[PDB]
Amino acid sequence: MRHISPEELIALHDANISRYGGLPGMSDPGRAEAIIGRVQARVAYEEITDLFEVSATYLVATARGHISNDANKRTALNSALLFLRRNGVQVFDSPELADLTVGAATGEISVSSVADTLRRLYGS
């Protein structure tokens, strides 16, 4: 299973800030390391094989993990879908993805519900 490294996660965040907006130069590598650490830990602890459950984890962990003061929701969605793309699953934009990410950040949508939504959209 291909994953995203802490240094890749920061690079993604930085790259998104540059393209779409936000305050640059602030990304904490400890938060990147801590976000990835959670995702790996959860996988090992629950023995997760389902790509969409893992994808959901990157999304929730990142959206609530505050790598920096801005762009966290974008970095969450993008890292989720990058993971899917890296593991062979074809991804594409959908009107649902904005609400989905906001819900994960606010706590209104659980990790499993995110995994369900992502499965419906990109599953086979």
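Numbers follow the displayed sequence, beginning with 1.
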Inset, instruction - Taking the mean of the C-alpha B-factors per stretch from the entry, tell me the winner out of 79-87 and 26-34. - result: 26-34
Inset, instruction - Between 65-73 and 36-44, point out the one with the higher average CA B-factor as the PDB entry records it. - result: 65-73
Inset, instruction - Select lowest, middle or highest to describe the third in which the CA B-factor of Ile109 falls within its chain in this entry. - result: middle
Inset, instruction - Would you please rank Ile17 by its C-alpha temperature factor against the other modelled residues of its chain and give the third it falls in: lowest, middle or highest? - result: highest
Legend entry - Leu121 - which third its CA temperature factor falls in, relative to the rest of the chain: highest
